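In PDB author numbering, the protein residues as written are 1 to 70. Cβ coordinates follow ideal geometry from the N, Cα and C atoms, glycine included. Below is one structure, written out as C-alpha cells; the observations come after it.
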C-alpha cells in the first residue's frame, strides 16, 4: 500500500468544513485511483480528501443533499 497521486496533492491537512467554501466529488479512475473530495476552501486551492473521514463526509454530506434533489 501507498499514497496515490490523485489531485495536485492529497489533503496533507484535513481542515474543518467551517473553512470549506466549496468542493466537489472525485471518482476513482483518472489521476486518482481512489475516491477523494475536491475541496475548495477559502484559503486553499483544490484539496483532495479521501471520503473516509468525519470532516470530509460532513462536507460531502451537505453536498449529498445538495447534489441530490429531494
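Could you check if residue i is buried or exposed, using at least 16 other CB atoms within 10 Å of its CB as the buried criterion?
{"i": "residue 12", "result": "exposed"}
{"i": "residue 59", "result": "buried"}
{"i": "residue 28", "result": "exposed"}
{"i": "residue 31", "result": "exposed"}
{"i": "residue 1", "result": "exposed"}
Identify the continuous alpha helix (DSSP H) that holds residue i and give its terminal residues.
{"i": "residue 59", "result": "54-66"}
If I follow the unbroken beta strand (DSSP E) through residue i, where does it start and stop?
{"i": "residue 21", "result": "Element bounds for residue 21: n/a, residue is neither H nor E."}
Identify every run of the beta strand (DSSP E) within the segment 26-50, keeping only runs that are complete inside it and at least 3 residues long; order them along the chain. 36-40, 47-49
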